[PDB]
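J.: The listed protein sequences correspond, in order, to chains B and A. Adding 5 to a residue's 1-based position in the first sequence gives its number in my numbering. Adding 876 to a residue's 1-based position in the second sequence gives its number in my numbering. The beta carbon of each residue, even a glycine, is placed where N, CA and C say it ideally should be.
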Amino acid sequence: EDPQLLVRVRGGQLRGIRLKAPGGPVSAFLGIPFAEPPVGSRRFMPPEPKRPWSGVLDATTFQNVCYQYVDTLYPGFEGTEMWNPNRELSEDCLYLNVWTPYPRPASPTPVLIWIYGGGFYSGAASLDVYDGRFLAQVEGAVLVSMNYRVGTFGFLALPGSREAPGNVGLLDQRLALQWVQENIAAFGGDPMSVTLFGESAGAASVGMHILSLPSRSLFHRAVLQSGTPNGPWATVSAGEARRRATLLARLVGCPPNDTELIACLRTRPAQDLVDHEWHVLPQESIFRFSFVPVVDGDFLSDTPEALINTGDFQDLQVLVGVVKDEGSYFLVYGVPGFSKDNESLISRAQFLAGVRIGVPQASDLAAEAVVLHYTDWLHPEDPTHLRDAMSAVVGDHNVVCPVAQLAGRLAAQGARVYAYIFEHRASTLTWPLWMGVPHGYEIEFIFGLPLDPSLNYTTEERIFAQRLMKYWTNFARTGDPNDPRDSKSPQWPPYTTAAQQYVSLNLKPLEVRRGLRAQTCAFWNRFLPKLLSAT
Amino acid sequence: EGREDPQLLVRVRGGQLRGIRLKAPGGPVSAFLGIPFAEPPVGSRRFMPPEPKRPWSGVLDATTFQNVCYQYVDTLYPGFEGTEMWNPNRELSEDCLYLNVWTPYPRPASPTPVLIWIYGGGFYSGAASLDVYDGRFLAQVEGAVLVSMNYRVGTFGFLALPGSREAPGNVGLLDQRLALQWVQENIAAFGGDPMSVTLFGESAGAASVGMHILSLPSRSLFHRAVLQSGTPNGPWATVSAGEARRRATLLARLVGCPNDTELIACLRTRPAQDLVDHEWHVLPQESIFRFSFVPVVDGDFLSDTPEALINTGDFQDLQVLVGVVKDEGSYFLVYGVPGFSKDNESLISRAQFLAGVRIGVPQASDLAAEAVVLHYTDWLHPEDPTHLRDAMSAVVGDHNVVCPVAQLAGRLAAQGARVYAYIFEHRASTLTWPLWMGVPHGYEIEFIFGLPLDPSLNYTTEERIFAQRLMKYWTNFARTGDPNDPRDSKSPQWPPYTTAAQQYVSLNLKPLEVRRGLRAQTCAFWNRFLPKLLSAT
Ligand SMILES: COCCOCCOCCOCCOCCOCCOCCO
Ligand SMILES: *[C@@H]1O[C@H](CO)[C@@H](O)[C@H](O)[C@H]1NC(C)=O
Ligand SMILES: *[C@@H]1O[C@H](CO)[C@@H](O)[C@H](O)[C@H]1NC(C)=O
Ligand SMILES: *[C@@H]1O[C@H](CO)[C@@H](O)[C@H](O)[C@H]1NC(C)=O
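Set out below in C-alpha cells:
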C-alpha cells in the first residue's frame, strides 16, 4: 500500500494511482465523487454535496461521462472521435480528477482547474487531450478537472420553476470549486491560489464564474481559451429557454403547469431527450446550441454584456486568446459546399446562403452588411477567398470579437489582462489543410501532450509545448505569464484599451502585435447591434 | 483689312473674326477669344434655353476674353492666391455666352483633333478665361485645336420649375450643347477636325461631360470624353424635379416673389446680384459639397437619373479617361466643418469629426452617419487628431468624387466602353494651400494645360517634364482614344480599366505605375451598402 497514494478528504479516504509521465511518476486520483448522483428526481436540479463513505474509495480510474449527444458526422475519424465520450454515458457523472506530482508536493502548490468545452452539450474531463500528468510532472502543478452536466440535463430550464431553475451544469462546476477549497490542501494544493482555465464552452463557463459573486470567493485567476460569457451562443434569455424546454417536452409527449411538465420529463429515458435536443433551435444554424446557461437573474443577475459593462474587476487577472482559424471546424456541420474531404471552394451564392447559417439571427440588411464587409472586392468571386471569408465570419462573430470585447471591458474596469493568438498547426492534425488551425487544437499543446514520444510530435513542437506550459503555470503562480528567469527582451505585455497589445504563440519567439481584429470587430461589436436593433 | 495679319482673319457662320497672335514659350499660337455663340440670355431670356447668335456685320474683334457669367464670388480668404485664381477675372454679366479658340500659328494644314474644355465650379461659378485654362500650351506644344465656352451657372443656368416653359431647367447644359454644335459647324474654319472632338472637364465640368454622354442629342457632337474628378452620378451633380422646384420656389420667396408663369416673370425683374445674394439660402441642410442650382432630372435632357442611365446604357462605342486627385476632399472642409482652417494644422477632436460627418454627408440618417464614422475610424488610434483630420477629408473626397468615379468606371467598363483611370498624386511646388490638404481638388489642371512650361511661373524642371508627359497623355487619348504613345514602347503602358482587373495608374514625377482596385473596399461601402441602409433608415 503506497502512502503517497492515500488521501483523506472530508468525505472519507481515497486511494490514488501512480502514473508514469515521460520524466517521472505522478499521483493521479480519478473519479472522486463531489456530489450526489443527479438521477431520477434529481434530474434538472441543483447538485447536492456527496455523502461521506466508509472504507477506502478507489480513485484509480475515470468515472462515467455525463449523458450527452455523441457526434456522428465523420464516423471513425480521429478528428471528431477525439472529442467523443471515452467512457460509458450516465446521468450519474458528477466526479472530478486530481493530478499531483509524486511524491505529493512538500509546499502548498497553486492549483489549476480545467473546465472542458463542448458547446454546453458535450465533453468530458477524461479525454486524452485533458491528461493532467504532464503539467503536474513538469511544472509541479496540482491539476483538477470535473465533469458537469451538459445538454438538457445541465441547462434545460423552466425559469422561475422550482423543479428546473436552469444553470445546474454551472452549479456543478461551482460545487467542484467549493470541493477544491475544502479538500485540495490534503493533496498538497494551495486553496489560496486557484486558477480556472477552459476552452470554448469551458472558457465561457470560467467567464460566468467571473460574473457570479458566489463563485468569486472560489478562485483567484482565470484563463478563457476561445470562448466568452458574452457573445451570441453562450447564453439565452429566460424566454427563449422557456420556449425550447416547452418544445422539447412537446416532442417527447410531455405533458400528456411547470411541475406537471417537469415531472413527465423526469420520466423519460435519457436518450429520448438527447434524440430531440437539436430540434428546438429557432433557426437553421451552426455554432448555436439548444441548452446553454440562461440569464436567470440568479446565477447571472443580468446579461453577460451588462455585467461586463458595469462590474468592478480590479483585483482580477485574466489570460485570454484565440486560435488562428476559429470558424473552420464548424462549416462542415451545416454550410453547404464544405467538407473535410474536398477543398470546400464555394461560389458567391454559397457564400451568401452560408452567411445566413452563420449569423442565423441576422436580418436581410444585416446579412448584406456582413457579406459586403468580408467580400474581397478585388477578387469578389474567387472561391478560395470566399471559403476563407466564410470561416472568418463564423470565427469572428462567435469567438474573436466576443473575446476582444471582453478583453477590452475587463482591461478598462481594473482587470489585468493578457491576450494571445495561437498560430501553430499541429503536425499531427487530421483535418484538411484548408481548415488551418481549427477551434480547439491549442489544447493538446498547453497540456503538454507532445512531451509524450509515442505521440510522434516534432522536436520543435516539444520545445513549443514546454513554452506554453510555462506561460500557463507562470500565470497561475503569479498572474503574469512571463518567466521570472528569462530576462530576454520579448516580454508579454498586458492588453490595454490604449495600446491593445497581444502576442502570437507559435514556433517563433513571442511577437507583440496591436489590435485584435480591431476594424472588423468594430463592425461586429459597435455597428451590427445598432443595425439589427433598427430593424 | 489691308495692313493686319492675314493669318488671323477667319469667317464663321455668324460673320468675320479677327484673332490675336499669342506668345507661348515655344512659339506663336493663334487665339480667337470672346466669340459669341448665342443671343445674350438677358431680359425676358433669363432662365430660357439659349438661341443661336444672330449674324453680325463687319469684323468682330476677337482678341480679348469676354464677360464672365454672373456668379457668386468667393470671400473666405480675401486676396489669397488659392481662392483668387478661381474667381472671375472679367466683368460679371448675364451677357456671357462666348467661347474661345486656340490653334497653332499658322493655323494647321491637316484637319486637327479638337479638345473642348468645360470648366468646373460646382455649377455656381467658373469661367473659360482663367489663367489655369490657358490653351496656348496645348495648342503650341501638341498642335491641338482647343475650345472652351462660358455657360450659365447658378440660378441663371440651372434654376428650374420642372415642366414649365419659362424655366425648364438645365439651360446651362444647353448652353454647352450649343457650343458643341458651334464647333461642329465652324471649327473646320480654324483647321480643326469636327469628326475628332474630345470633351474634357473637371469637377462640375467633368459631370457636365458625363451628362452629354448620357443625353442623346449631345452624343452626335463628340467622340471621346475625359472626366477629371467629377461624374454625373453621385450626391451633388443633380437634383430631382421635386427638389429643384422646391429650391426655386424658396429663392423666389426670399427675393419677394410672388402659377409658374407669374412667379418666373417676377424673378426676371430682380437684379442679378439679388439672386446671387440668396443662392446659398435654399440648401436643405448645413452642408459642404452641395450646390443650390445644379442640373435637374427633367425627363428631357436627362431622361432618368444618371445612376439609372449608366446602369442600363450601351457604351461599346465610347472611350473615356477618368481619374481623381490624391486628396479630393480636403479643400472643402474649411468652407464649413468647424475645426478646419488654411492657417492652422486643423487637428480636430473625435467630437468635431462626428459633427463634420453630419455636414459632409448631409443626407445621412443617424444610423448611416454612424456607419461612416465606424468605417473611417482608426480603432488603434480612435482619438488621434491627425487621423481624424485626414479621415474627415477622406469622407468628403470619397463620398463626392472617388466612389462616384469608381462606380462610373465600373459601369461604363461592364457595358462596352474602353476606360482608362488614373490617380493624380503630385502636389505643385507652387501650391499656396497648406501641406495638410495634400493634393487638393482641381490642382492637376494647371499640369494638364501645361502652365509649368511658362518659364516665369517658377515651377521645377521635373514639373515641366511632368506636364509634357501629361499633355502627351491627354492629346494622345484625343487623337486615338488611347493615352499611350504609339511609338514610345519603352515607357510603361497604361492598361484599360476593367472589372476583372480594376487597373489604373498613378500620375506623379515618377514613371507610370499600375495599381489594382480604386479604393475598392471603401467604395463598396459607399456604392453598395449605404444606398440600401438609407433605403431602410
Ligand atoms: C474598412 O473598415 C471598415 C470598418 O467597419 C466599421 C463598421 O462599420 C461599417 C458598417 O458598414 C458595413 C460595411 O460595409 C461593407 C463594406 O465595407 C468593407 C469594409 O471592410 C473592412 C475590412 O477590414
Ligand atoms: C464536398 O463534398 C460534399 C459531400 O461529399 C459535397 O456536398 C460538396 O459539394 C463538395 N464541395 C464542393 C465544392 O463541391
Ligand atoms: C484653426 O482655426 C479655426 C479658425 O480660426 C479654429 O476654429 C480651429 O479650432 C483651429 N484649429 C486648430 C487645430 O488650431
Ligand atoms: C518667381 O520668383 C521671383 C523671384 O523669386 C518673383 O519675383 C516672382 O514674383 C515669382 N513669380 C511667381 C509666379 O511665383
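1. Please state if the CB of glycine 902(A) and the CB of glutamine 1016(A) are separated by a distance shorter than 8 Å.
2. May I have the straight-line CA-CA distance separating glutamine 1104(A) from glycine 1199(A), to the nearest angstrom?
3. Kindly list the residues whose CB is nearer than 8 Å to the CB of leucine 460(B), restricted to its own chain and excluding five residues on each side of it in sequence; keep chain order.
4. When DSSP labels each residue in this structure, what does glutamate 516(B) get in the three-state scheme?
5. So, is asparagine 1403(A) buried or exposed, given that buried needs 16 or more other C-beta atoms within 10 angstroms?
6. Is it right to say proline 1044(A) is buried, meaning 16 or more other beta carbons lie within 10 angstroms of its own, or is it exposed?
7. Return the chain-ordered ranges of every alpha helix (DSSP H) run that is complete within the stretch 987 to 1071 of chain A and spans a minimum of 4 residues.
8. Who are the neighbours of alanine 1400(A) on chain B, taking C-beta pairs under 8 Å?
9. Report all residues from its chain with a CB closer than 6 Å to the CB of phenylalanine 1191(A); omit the five preceding and five following residues, and keep chain order.
10. For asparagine 1046(A), which residues in the same chain have their Cβ closer than 8 Å to its Cβ, ignoring the five residues on either side in sequence?
11. Going by CA-CA distance only, name the one from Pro1070(A), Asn1026(A), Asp1260(A) that's closest to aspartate 1051(A).
12. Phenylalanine 532(B) versus chain A: which residues are under 8 Å apart at the beta carbon?
13. Ignore the nearest five residues each way along the sequence and tell me which others in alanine 111(B)'s own chain have a CB closer than 8 Å to its CB.
14. Tell me the rounded alpha-carbon separation between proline 912(A) and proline 931(A).
15. Cβ closer than 8 Å: which chain A residues qualify as neighbours of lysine 55(B)?
16. Any heavy atom of ligand 2 within a distance shorter than 7 Å of the CB on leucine 350(B)?
17. Determine, using beta carbons only, whether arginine 1265(A) and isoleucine 1224(A) come nearer to each other than 8 Å.
18. Terminal residues of the continuous alpha helix (DSSP H) containing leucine 473(B)?
19. Leaving out five residues before and five after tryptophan 1309(A) in sequence, what residues of the same chain have Cβ atoms less than 7 Å from its Cβ?
20. For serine 1382(A), report the span of its beta strand (DSSP E) as first-last.
21. Does any heavy atom of ligand 3 sit closer than 7 Å to the C-beta of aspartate 1219(A)?
22. I want to verify the contact list: residues of chain B whose CB lies under 7 Å from the CB of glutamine 1397(A), in sequence order.
23. Compare the C-beta of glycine 1286(A) with all C-beta atoms of chain B and state if any pair is closer than 8 Å.
24. When the Cα atoms are used, what is the spatial distance from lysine 535(B) to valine 1277(A)?
25. So if DSSP puts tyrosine 1296(A) in a beta bridge, which residue, or which two residues, is it bridged to?
26. Between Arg490(B), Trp88(B), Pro287(B), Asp387(B), which lies nearest to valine 364(B) when the distance is taken from Cα to Cα?
27. Quick one: is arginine 1095(A) buried, meaning 16 or more other Cβ sit within 10 Å of its Cβ, or exposed?
28. Short check: CB of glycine 244(B) to CB of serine 333(B), under 8 Å?
29. Quick one: list the residues of chain B neighbouring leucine 1243(A), beta-carbon separation under 8 Å, in chain order.
30. Residues of chain B with CB under 8 Å from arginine 1144(A), in chain order?
31. Let's see if you can read the secondary structure: which residues bound the beta strand (DSSP E) around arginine 20(B)?
32. Rank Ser1091(A), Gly1273(A), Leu1022(A) by C-alpha distance to the C-alpha of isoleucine 1186(A) and give the top, closest one.
33. Using the beta-carbon of each residue, which ones in chain A are nearer than 9 Å to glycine 520(B)?
34. What are the residues of the stretch 1361 to 1378 of chain A that lie near chain B, defined by any Cβ-Cβ distance shorter than 7 Å?
35. How would you label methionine 1087(A), buried or exposed, when you count the other beta carbons within 10 angstroms and need 16 or more for buried?
36. Near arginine 879(A), what residues of its chain come up, given a Cβ to Cβ distance below 8 Å and the 5 sequence neighbours on each side ignored?
T.: Looking at the atomic coordinates:
1. As a working note, residue 1016(A) is residue 140 in the second sequence. As a working note, residue 902(A) is residue 26 in the second sequence. Taking 8 Å as the Cβ cut-off, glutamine 1016(A) and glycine 902(A) qualify as a contacting pair.
2. On the second sequence, position 228 is the one that residue 1104(A) refers to. On the second sequence, position 323 is the one that residue 1199(A) refers to. Rounded to the nearest angstrom, the two C-alpha atoms are 5 Å apart.
3. The residue you call residue 460(B) lines up with position 455 of the first sequence. Taken in chain order, the residues that qualify are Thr433, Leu454.
4. Working through the first sequence from its first residue, we reach residue 516(B) at position 511. Strand at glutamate 516(B).
5. Here residue 1403(A) refers to the residue found at position 527 when the second sequence is read from its first residue. Answer is buried; the Cβ neighbour count reaches 16.
6. Taking the second sequence and counting its residues from 1, the one referred to as residue 1044(A) is at position 168. It is buried - the Cβ of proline 1044(A) has at least 16 other Cβ atoms within 10 Å.
7. Runs of the alpha helix (DSSP H) spanning 4 or more residues and lying entirely within the stretch 987 to 1071 of chain A occur at 1012 to 1018, 1030 to 1034, 1047 to 1062, in chain order.
8. Indexing the second sequence from 1 puts residue 1400(A) at position 524. Result: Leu377, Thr380, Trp382.
9. Taking the second sequence and counting its residues from 1, the one referred to as residue 1191(A) is at position 315. Answer for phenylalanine 1191(A): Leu1288, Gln1291, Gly1292, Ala1293, listed in chain order.
10. The residue you call residue 1046(A) lines up with position 170 of the second sequence. Only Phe1034, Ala1036, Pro1171, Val1172, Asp1174, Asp1176, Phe1177, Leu1178 meet the Cβ criterion.
11. What you label residue 1051(A) is simply residue 175 of the second sequence in a count that begins at 1. Comparing C-alpha distances from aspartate 1051(A) to each of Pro1070(A), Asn1026(A), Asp1260(A) shows the shortest one belongs to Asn1026(A).
12. What you label residue 532(B) is simply residue 527 of the first sequence in a count that begins at 1. Within 8 Å Cβ-Cβ: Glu1246, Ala1247, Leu1250.
13. One-based indexing of the first sequence puts residue 111(B) at position 106. Counting only Cβ-Cβ distances below 8 Å, and skipping sequence neighbours, we find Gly193.
14. As a working mapping, residue 912(A) is identified with position 36 in the second sequence. As a working mapping, residue 931(A) is identified with position 55 in the second sequence. So the alpha carbons of these two residues sit roughly 10 Å apart.
15. Sequence index remark: in the first sequence, residue 55(B) carries index 50 (1-based). Residues of chain A passing the Cβ test: none, with the nearest at roughly 50 Å.
16. On the first sequence, residue 350(B) is found 345 positions in, with the first residue counted as 1. It does: the Cβ of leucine 350(B) is within 7 Å (strictly closer) of some heavy atom of ligand 2.
17. Against the second sequence, residue 1265(A) aligns to sequence position 389. Against the second sequence, residue 1224(A) aligns to sequence position 348. Closer than 8 Å, so yes.
18. Translated into the one-based positions of the first sequence, residue 473(B) becomes position 468. Start and end: 464 to 483.
19. Taking the second sequence and counting its residues from 1, the one referred to as residue 1309(A) is at position 433. So the qualifying residues of the chain are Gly958, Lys1218, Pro1316.
20. The count along the second sequence starts at 1 and reaches residue 1382(A) at position 506. Segment 1379 to 1383, the beta strand (DSSP E) holding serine 1382(A).
21. For the purposes of this step, residue 1219(A) is identified with residue 343 of the second sequence, where counting begins at 1. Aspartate 1219(A): yes, Cβ under 7 Å from ligand 3.
22. Numbered from its first residue, the second sequence carries residue 1397(A) at position 521. Simply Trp382.
23. Sequence index remark: in the second sequence, residue 1286(A) carries index 410 (1-based). Not one chain B Cβ lies under 8 Å of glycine 1286(A).
24. As a first step, residue 535(B) must be located in the first sequence, where it is residue number 530. As a first step, residue 1277(A) must be located in the second sequence, where it is residue number 401. Using only the alpha carbons, I get a separation of about 28 Å.
25. The residue you call residue 1296(A) lines up with position 420 of the second sequence. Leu1197(A).
26. Within the first sequence, residue 364(B) is the residue found at index 359, counting from 1. The candidate whose alpha carbon is nearest that of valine 364(B) is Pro287(B).
27. For this step, residue 1095(A) is matched to residue 219 along the second sequence. Label assigned to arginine 1095(A): exposed.
28. Taking the first sequence and counting its residues from 1, the one referred to as residue 244(B) is at position 239. Taking the first sequence and counting its residues from 1, the one referred to as residue 333(B) is at position 328. No; because the gap between Cβ atoms is not below 8 Å, this pair is not in contact.
29. Taking the second sequence and counting its residues from 1, the one referred to as residue 1243(A) is at position 367. What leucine 1243(A) touches in chain B: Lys535, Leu536, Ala539.
30. Start at 1 with the first residue of the second sequence, and residue 1144(A) comes out as number 268. Residues of chain B whose Cβ lies closer than 8 Å to the Cβ of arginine 1144(A) do not exist, since the nearest Cβ in that chain is about 47 Å away.
31. Walking along the first sequence from the start, residue 20(B) turns up at place 15. In the DSSP assignment, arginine 20(B) falls within the unbroken beta strand (DSSP E) covering 17 to 20.
32. Taking the first residue of the second sequence as 1, we reach residue 1186(A) at position 310. Of the listed residues, the one whose Cα sits closest to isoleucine 1186(A) is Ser1091(A).
33. Indexing the first sequence from 1 puts residue 520(B) at position 515. Near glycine 520(B) (Cβ distances below 9 Å), the residues of chain A are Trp1255, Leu1256.
34. Within the stretch 1361 to 1378 of chain A, contact with chain B at the beta-carbon level (separation under 7 Å) is assigned to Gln1378.
35. Working through the second sequence from its first residue, we reach residue 1087(A) at position 211. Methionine 1087(A) comes out buried.
36. By 1-based counting over the second sequence, the position of residue 879(A) is 3. If we look at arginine 879(A) and ignore the five residues flanking it on each side, it has no Cβ neighbours.
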